[PDB]
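The chain that follows stands alone, in the form deposited without flavin-adenine dinucleotide, written as structure tokens.
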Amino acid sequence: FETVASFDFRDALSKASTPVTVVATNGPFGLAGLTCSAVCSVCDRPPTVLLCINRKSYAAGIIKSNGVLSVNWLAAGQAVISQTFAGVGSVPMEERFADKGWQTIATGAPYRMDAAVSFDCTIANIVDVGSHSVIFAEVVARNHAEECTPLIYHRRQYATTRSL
């Protein structure tokens, strides 16, 4: 078979929805983060998630060398955090972590303590596919804001949930 056009693929993907996360890191190689909507759980033993990020980015470089990271599922009121970590407004990488919402838990990675879900993680394995590194990360601590709804991305806009 021939694969669809990359343009067609991206067009279609805009019709699917995703949660919005920020992946962050800190350690000997420094502080960095980016928004990532290609994230999912893998298995519960050992508890493992994966995230797919383009290897060309500033943050990918620092995440992979620090070897630890957080995955932070953002809550409905946090679209501005997603924008900043997606490069909207071009906030310099190290100025992105100003507020008190970011704290360490176990690994030294910054964890967003008011995110719907924050997992603090160690990198266990990496599979490269096309432009992206698929990073498998084992969860060594968790945190949750008080109940709240998710930030969702769909058709190139932010949204949150409602019952059917």
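All residue numbers refer to positions in the sequence shown, first residue = 1.
Below: the form solved in complex with flavin-adenine dinucleotide, not depicted.
Of the candidate stretches 100-108, 135-143, 56-64, 120-128, only 56-64 contains residues with a heavy atom within 4.5 Å of flavin-adenine dinucleotide in the bound PDB entry. Contact between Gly77 and flavin-adenine dinucleotide in the bound PDB entry is not found at the 4.5 Å heavy atom cutoff.
Contact check for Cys36: a non-hydrogen atom falls within 4.5 Å of flavin-adenine dinucleotide in the bound PDB entry. At a distance threshold of 4.5 angstroms between non-hydrogen atoms, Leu50 is out of contact with flavin-adenine dinucleotide in the bound PDB entry.
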